[PDB]
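To find a chain, count down the sequence lines: A is the first, B the second, and so on, and within it residues start at 1. All values below come from the heavy atoms of this structure, side chains included, with hydrogens, waters and symmetry mates left out.
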Amino acid sequence: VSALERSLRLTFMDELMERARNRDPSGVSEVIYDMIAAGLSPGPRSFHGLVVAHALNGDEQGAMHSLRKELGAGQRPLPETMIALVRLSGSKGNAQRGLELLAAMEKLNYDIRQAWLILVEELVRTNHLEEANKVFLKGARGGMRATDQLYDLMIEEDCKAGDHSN
Amino acid sequence: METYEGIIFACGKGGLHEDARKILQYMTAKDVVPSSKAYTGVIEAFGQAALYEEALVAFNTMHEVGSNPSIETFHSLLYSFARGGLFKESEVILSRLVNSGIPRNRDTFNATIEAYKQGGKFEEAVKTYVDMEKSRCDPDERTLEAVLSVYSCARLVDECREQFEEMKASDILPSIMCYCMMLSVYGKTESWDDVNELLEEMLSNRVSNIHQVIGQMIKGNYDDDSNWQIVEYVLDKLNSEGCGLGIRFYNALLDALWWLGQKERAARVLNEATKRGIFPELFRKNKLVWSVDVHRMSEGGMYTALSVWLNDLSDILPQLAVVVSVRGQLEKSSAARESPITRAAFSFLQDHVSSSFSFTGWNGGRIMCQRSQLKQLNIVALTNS
Amino acid sequence: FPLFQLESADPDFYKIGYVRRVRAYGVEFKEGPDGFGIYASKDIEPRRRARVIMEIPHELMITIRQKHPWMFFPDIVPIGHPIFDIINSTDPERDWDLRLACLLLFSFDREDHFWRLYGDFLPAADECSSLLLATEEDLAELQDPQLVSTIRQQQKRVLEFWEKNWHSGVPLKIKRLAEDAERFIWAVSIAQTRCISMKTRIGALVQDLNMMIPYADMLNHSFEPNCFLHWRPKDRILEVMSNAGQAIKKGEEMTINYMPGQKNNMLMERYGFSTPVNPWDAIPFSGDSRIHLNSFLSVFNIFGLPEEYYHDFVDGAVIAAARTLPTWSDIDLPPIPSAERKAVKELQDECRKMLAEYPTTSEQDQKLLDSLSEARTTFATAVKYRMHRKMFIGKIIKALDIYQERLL
Ligand SMILES: Nc1ncnc2c1ncn2[C@@H]1O[C@H](CSCC[C@H](N)C(=O)O)[C@@H](O)[C@H]1O
């Protein structure tokens, strides 16, 4: 890794992260193709920026397409990419998609406790108490421990909804 | 179902990757499981625009939804990989076919032929030809056209004219291809007598109109504003069989025009082809990268594109001006360093703009030029013989 | 064919325990220049549950109630003894070590007490690393006015207590407990450096106790320990248990967490030592320049909640840096590299300014330690403390550099 390659990667990564921060996944795709033309191999960081850009403007299909580009490109997705995907699935209420992403995280030797908590909290926030309860119970029966705040939130919401069983 | 497949097939034939992608997302958003034919259509649509990664992603998604690959999907995959010269992907797909047990038809053989031709592996191309004749099946016009192109590229005039006189004996109305790279190969060795003797028969062409128009315009008789309109209508008429045929037609025409001394005519033909839709990856202009892609072009098409790319550079700054000589798995290897595309581009740039366009220390198939070297930089003289 | 092909501790040390139902499994006691330690005499195979390492009976301990009133378990103090009057006058909150020191002296004076024999293996005044035995010269090398002031306050409190309770008119049974002040100072130092606090149930009574446990104070401290203490109430035995499923190699030291979530300064105040991989150390930054917490964690593979950072170069120093570096988080907002480079440059400048504030460096401190031949234990302890702070700052600098490197 020369200083010239480092500077080119720095400029391209900066501009790509910029385009990801202004909710422009198409611009991130232009930057990725610019890296391809320039000979710079797209690492997990640029692709993570692409995934975040797709997920910021509530686009689940594009985010999963970017993850498919991850797996096709041969790069290992970052934990932040999977966290963004599970958060997007929870915001949209896609509990099964979040579970699939958690399984993929587990296959990639990652700690899925934080993602599980984020998914449960998002499902509760979006008012999907049934799927939130199912995901929480799956995690708890799997040996995973939740925070005190999440326990209290689950108990209070379930009892407010009249769901004594959960 | 029928509407989706029809739209996707039309987009794939016309090289409309964006429309096929939009249709795919819209129809997936309605909880509709895609069929194998629609997936094949979008895959071949992506391959027209040299977007190999998108086509591979779609092919990977094909198995995820339960849609198993078909023969048409493999045919599209080999054709897309052969257009770009990605022969490594070609043999990988061939191994996939051999372990899948599906018989190999003429499409696999000729796709391999032009995959090795575009990659510069002439010896492997003729070896695969002799293997194609060894087993079974009859080559069509496409196979002999591909071998004529590979013979013309690898400075083989004698075998070229032998195949020419052998193929025209079948009363097959020889196409624009044969004439085009025959003029190219005759201009390689300054065979002006052969060029004129071919053009004498070429000009009349009582049977077809396309040959007559192109033969008139190559000599310069159709360069006027009113006389270029006939060429424009014939080009528009030819733009109906698909971008798969359009790219080959433009490649042959550009090679013939460049190698017959008609550099300005080749430049104008490339310019009118760009607005048509052929070669969509040719140019990229932005604050970061100013790129020219030539991995899907021939030697003649590369030189015309490089000539007009250098001229546009001098008009004006991007952080980098790059040349995509080789694109694919060959980049991460020294094999692409020796490739005819890479060496030809390097020699052209070296003898035109001196020692300014250097190689990449990280990629084995790109020609590089930093912004600092751009600061110190009409460069190529385009004239008609 | 068979034909063709740190020192061991005093055997009496374990023998006096062994004859009194102390059992050590798979570990042996070793002694070095630093002090005693417990090491695995063989390869401990990781089992399904925690494995029993040592068993210390309750009757061999010196325990006092952590809360008023003061009741000792086992009750060694006779009714009407003046030592109870001395103990009962202490401050309930801050004077816990004085009561344990009084109990230790009383036990040392008892003929049938076990600690009369076990007390011969305690570190002496010249071997204990507690700062209560440090002079003004040693305290001057801490390079921390706060720690020095705290140590002076502790020493003044201990000496005031001894002067108040060990005057001329005390009975002979009390005067012989501590004839002169430094003996009581050493007793307080031993109590501070080896006391273990736990919630133990005896019979039907559940309470918190301050315990001087033999053979369990032998374990050394670690913030990533392989052993933990579990109290067995049915037979009144304290168990030392290795972590479940954690393989331990032959010769690996047995370590327990003396106290979790405590920085190096409090460790130096209480146990008289510090560690360079303290994952709770704090460096006071200005907070104007901040980096991305998520990227910092992902680059170094630090997972879990902020209270349970762990690693899948990376050690407790990197975790401490992540816990102390100025960080910003915006859920899923990525960081643009350009601001990160400037932020880490400013942070590195701050760290280098802090290093320049120190009169010397860390490598020269290590050289001074290697050339040291006539210095007390507290002298080397203070030198090691300041050197460890210097290495923590240097590790912060290197971590910032490599994080900015791997950001692309
Ligand atoms: N990790 C560590 N590194 C250096 N000293 C340590 C240490 N953990 C504990 N100590 C020292 O050991 C004492 C606890 S009693 C532990 C055994 C003691 N070293 C002996 O030989 O008797 C404390 O005073 C502390 O100064």
NZ or CZ of B/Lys22 within 45° of B/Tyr26 ring axis and under 6.0 Å: no
Contact class of B/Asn286 relative to chain A, heavy atoms under 4.5 angstrom: side chain
Check: A/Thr11 side chain, A/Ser7 main-chain N or O, donor-acceptor pair, under 3.5 Å: yes
A/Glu130/A/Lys134 ion pair, N-O < 4.0 Å: no
Contact class of B/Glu281 relative to chain A, heavy atoms under 4.5 angstrom: neither
For chain A, the option from B/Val324, B/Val57, B/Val323, B/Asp293 that forms the most heavy-atom pairs under 4.5 Å: B/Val57
Donor-acceptor contact present, side-chain B/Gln25 to main-chain B/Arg21, <3.5 Å: yes
Atom group of B/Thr28 that falls short of 4.5 Å from chain A, counting heavy atoms: neither
Max heavy-atom pair count under 4.5 Å with chain B, selected residue of A/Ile36, A/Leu71, A/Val1: A/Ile36
Interchain contact, A/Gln61 with chain B, by part (heavy-atom threshold 4.5 Å): neither
Cation-pi, B/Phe359 ring and B/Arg337 (6.0 angstrom, 45 degrees): yes
Closest-packed option against chain B by number of heavy-atom pairs under 4.5 Å, given A/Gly72, A/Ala38, A/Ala73, A/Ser41: A/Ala38
A/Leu8 portion near chain B, given a 4.5 angstrom heavy-atom threshold: side chain
B/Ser90 side chain to B/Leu86 backbone, donor-acceptor under 3.5 Å: yes
Contact class of A/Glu60 relative to chain B, heavy atoms under 4.5 angstrom: neither
Spacing of OG belonging to B/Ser339 relative to CZ belonging to B/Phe87, to within rounding of 0.5 Å: 7.5 Å
Proximal component of B/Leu320, with respect to chain A [non-hydrogen, under 4.5 Å]: side chain
